[PDB]
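Down below is the structure, laid out as C-alpha cells.
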Amino acid sequence: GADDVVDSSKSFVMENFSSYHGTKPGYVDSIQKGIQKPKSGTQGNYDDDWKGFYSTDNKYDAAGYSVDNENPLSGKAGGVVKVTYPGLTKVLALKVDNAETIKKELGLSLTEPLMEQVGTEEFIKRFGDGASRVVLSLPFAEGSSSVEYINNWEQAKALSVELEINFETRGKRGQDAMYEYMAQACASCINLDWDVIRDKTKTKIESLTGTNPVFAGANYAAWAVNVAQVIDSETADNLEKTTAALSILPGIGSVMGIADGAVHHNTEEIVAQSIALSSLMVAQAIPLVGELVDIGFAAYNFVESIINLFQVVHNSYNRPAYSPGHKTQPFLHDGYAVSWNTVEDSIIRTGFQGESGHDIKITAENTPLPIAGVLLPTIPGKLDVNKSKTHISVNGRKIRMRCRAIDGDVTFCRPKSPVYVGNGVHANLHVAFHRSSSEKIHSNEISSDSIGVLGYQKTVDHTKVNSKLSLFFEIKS
C-alpha cells in the first residue's frame, strides 16, 4: 500500500518550503511574477503522468538548466531563482518512479495522470497532513546527494519567487558566469579565473614559453589535423555548431593537460600558455583540408569553444567520482568501458502499459573521451522512449537529453551538454521507456537487440564514423 511507494523517513511537512529553479535568458525577470505552465510542448515531461514544475534543493544543479534552449552547447545562461510556498507544504518522498505502481499502491485512479491527481484538493487532504499541497520528492541523480522536486502546475501558482542570481547581469563572455557559480560547491579544487585567461592567451599569439611535458604522454599534433578536418565553412561561422564538432573529438586531453586522473594545467599561466599553442597549429592546419575557412577562426571561435570544454571537464573533476567499479561484466572497445549497472537493467519486460528504467555505467581508462550520444530501440505503439526521463549523470551532474526519432523504428539521443568520461569521471546513462499500449512484442518488430552508446568521431577508410559500443538486452517474460 502507501508504504510500498512512499518513504516516511524522508517525507515531511515544513513551513516556507523552498527550492531553486534554473531559468533561461529572457525569463529571469518574468517568472518572479509567478510561475505558469508554458504553452504546449515539452510540458515538464513527455509522460502524461509527470507534467509539472521541476526544482531541486541544490542551486548549482538548477544552474545547469539555465542555458538557452536554442543554443544548448554554447548559448547564454539566464539565472537561478528561489521558489517558496506560503504556509505548510507536504514533501512526499517516493521509493519508485513508476507512475502505475504508485497509482495502484496509493489507491488512486489508474485512469487519470499522477501529477494531475497530485494537485487536487482531495489528494492533498489525503496525503498532506494539513500541509495545503503535496510536492513529490525523488533522488536527483546517481552520483548526487541532491533531491528533485516535482510541483503540480496548478498548485505551483502560489509560489513566491526570488532572484538568487542573474548570470547575464554579471556581463561575462561565454558561460564564464555559470561555471564560476558552480565552482562555489568547492570549499583540492580547481577554480580558474577565465578572463585573465582569455586575454592572457591572445596576447601570447605573437608571431616570432615556460612549459614542460614531464610526467605527461599526450601530444598536440593529431588534434590539429583532426580539428582542421571537421570544420567546414558553415561550421566555423557558428559557435554552437563549432562546439558540437570539437565536443566529439578524441585527444582533447592534451591541450588541457589532463592525464592519470589529475588537472596538470593547474595555474592561470600553465593553461594560458597551452591553449595559445593549440590556436596556431589549428590555424596552420586549415590550409591542408578546409576551404577558405579563415585563419581568424583559429583565433576566435575555436578559442571561444575550446574554453567552454575546459569548463565542462573542469566542473567534472571538481565533483566526487561516481563509483567506478562496474558491478557487471564490462564491454571494452576503443578504450571505453560499458556495463549494465545491475543484471536487472538488461531485461525489458513486456505486459505493460507502464514505464521502465535502465542504468548503464560508462567509464574510460585515462584521458577525457566524449560521449556523442546513445542509440535506442523503438516500437511505435508498444515501446516508446521517454524524452524527459532519459538523461546522463556525470559525477552527479544530470545532463538532460534531446531526442529525435531517426527511424526504421530506432531512436537517437544527444546530451544537451558536453559529456566526457575518463579516470575519475564516470557517468550513468539512465534510460526510460513508455508504453502507450500493453500490446505484445517478440523480437520480431525490433530491428536491433542492443543499446548503442556512441563515442568519439573517427576516420576509417576516409569516411566519418562514431566509435560504437553496444550492450545487449533481452525482452523476455
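How things are named: the first chain in the C-alpha cells is A, the next is B, and so on; residues count from 1 in each chain; ligands count from 1 in the order shown.
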Task: Contact residues around residue 50 of chain A with only C-alpha atoms at 8 Å, ignoring same-chain residues under 6 positions, as number ranges by chain - done: A: 44, 113-115
TODO: Could you give me, as JSON, numbers by chain, the residues within 6 Å of segment 69-84 of chain A, counting only C-alpha atoms and dropping anything in the same chain fewer than 5 positions from it?
DONE: {"A": [16, 17, 18, 19, 20, 21, 22, 23, 24, 25, 63, 159, 160, 161, 162, 163, 164, 165, 166, 167, 168, 240, 416, 417]}
TODO: From the DSSP assignment of the backbone, select every residue of segment 405-473 of chain A that is strand (DSSP E), and format the answer as a PyMOL selection string.
DONE: chain A and resi 410-415+420-421+427-434+450-460+463-472
Open item on the list: I need the residues in segment 122-352 of chain A that are helix (DSSP H, G or I) according to DSSP; give them as a PyMOL selection string.
Closed with: chain A and resi 122-127+155-158+176-185+195-202+221-230+233-236+239-247+252-254+268-283+286-288+301-317+343-346
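Closest approach to residue 326 of chain A among A:311, A:226, A:363, A:477 is made by A:363 (distances from only C-alpha atoms).
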Task: Nearest residue to residue 408 of chain A from the set A:445, A:180, A:34, A:394 (distances using only C-alpha atoms) - done: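 Among A:445, A:180, A:34, A:394, it is A:445 that comes nearest to residue 408 of chain A.
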Open item on the list: Could you check the closest approach to residue 126 of chain A for each of A:385, A:27, A:145, A:2 and tell me which residue wins, using only C-alpha atoms?
Closed with: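 Ranked by minimum distance to residue 126 of chain A, first place goes to A:2.
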Open item on the list: With distances taken over only C-alpha atoms, which residue among A:376, A:216, A:205, A:230 lies nearest residue 262 of chain A?
Closed with: A:216
Open item on the list: Need the shell around residue 99 of chain A: protein/DNA/RNA residues with any atom at most 8 Å away, counting only C-alpha atoms. Skip same-chain ones fewer than 6 positions apart. Format as an MDAnalysis selection string?
Closed with: chainID A and resid 49 114 354:355
Would you pick out the contacts of residue 367 of chain A at 10 Å or less, using only C-alpha atoms, so that residues sharing its chain but fewer than 5 positions from it are not included, and give the list as a PDB file with C-alpha atoms, in the first residue's frame?
```pdb
ATOM      1  CA  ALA A 218      49.768  13.214 -24.655  1.00  0.00           C
ATOM      2  CA  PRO A 250      39.443  12.394 -29.238  1.00  0.00           C
ATOM      3  CA  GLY A 251      42.587  13.591 -27.550  1.00  0.00           C
ATOM      4  CA  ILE A 252      41.289  16.902 -26.170  1.00  0.00           C
ATOM      5  CA  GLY A 253      43.147  15.879 -23.021  1.00  0.00           C
ATOM      6  CA  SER A 254      46.435  17.005 -24.494  1.00  0.00           C
ATOM      7  CA  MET A 256      44.033  20.558 -21.369  1.00  0.00           C
ATOM      8  CA  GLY A 257      46.976  18.669 -19.983  1.00  0.00           C
ATOM      9  CA  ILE A 258      44.741  16.105 -18.298  1.00  0.00           C
ATOM     10  CA  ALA A 259      46.064  12.549 -17.600  1.00  0.00           C
ATOM     11  CA  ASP A 260      46.337   9.855 -14.919  1.00  0.00           C
ATOM     12  CA  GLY A 261      43.286  11.439 -13.225  1.00  0.00           C
ATOM     13  CA  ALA A 262      44.659  14.923 -12.465  1.00  0.00           C
ATOM     14  CA  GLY A 335      39.338   2.449 -24.944  1.00  0.00           C
ATOM     15  CA  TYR A 420      33.281  13.259 -21.329  1.00  0.00           C
ATOM     16  CA  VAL A 421      34.414  10.328 -19.171  1.00  0.00           C
ATOM     17  CA  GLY A 422      37.846   9.211 -18.024  1.00  0.00           C
ATOM     18  CA  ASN A 423      39.937   8.313 -14.998  1.00  0.00           C
ATOM     19  CA  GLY A 424      37.978   9.932 -12.182  1.00  0.00           C
ATOM     20  CA  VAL A 425      34.977  10.984 -14.238  1.00  0.00           C
TER      21      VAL A 425
END
```
Applying 9 Å and only C-alpha atoms, which residues near residue 426 of chain A remain after dropping the ones on its own chain fewer than 6 positions away? List them as an mmCIF file with C-alpha atoms, in the first residue's frame.
```cif
data_model
loop_
_atom_site.group_PDB
_atom_site.id
_atom_site.type_symbol
_atom_site.label_atom_id
_atom_site.label_comp_id
_atom_site.auth_asym_id
_atom_site.auth_seq_id
_atom_site.Cartn_x
_atom_site.Cartn_y
_atom_site.Cartn_z
ATOM 1 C CA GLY A 143 26.444 10.322 -8.009
ATOM 2 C CA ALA A 321 33.885 10.444 -8.661
ATOM 3 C CA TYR A 322 30.877 8.202 -9.284
ATOM 4 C CA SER A 323 31.662 4.665 -8.083
ATOM 5 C CA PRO A 324 33.927 3.335 -10.860
ATOM 6 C CA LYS A 361 27.676 2.574 -16.294
ATOM 7 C CA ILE A 362 30.199 4.270 -18.563
ATOM 8 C CA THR A 363 33.905 4.575 -17.700
ATOM 9 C CA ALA A 364 37.135 5.481 -19.566
ATOM 10 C CA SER A 393 24.670 11.636 -14.959
ATOM 11 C CA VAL A 394 28.327 12.615 -14.850
ATOM 12 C CA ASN A 395 29.795 12.570 -11.380
ATOM 13 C CA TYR A 420 33.281 13.259 -21.329
#
```
TODO: Counting only C-alpha atoms, figure out which residue out of A:319, A:221, A:136, A:347 gets nearest to residue 187 of chain A.
DONE: A:319
- [ ] Using only C-alpha atoms, pick whichever of A:455, A:381, A:351, A:1 has the shortest atom-to-atom distance to residue 104 of chain A.
- [x] A:1
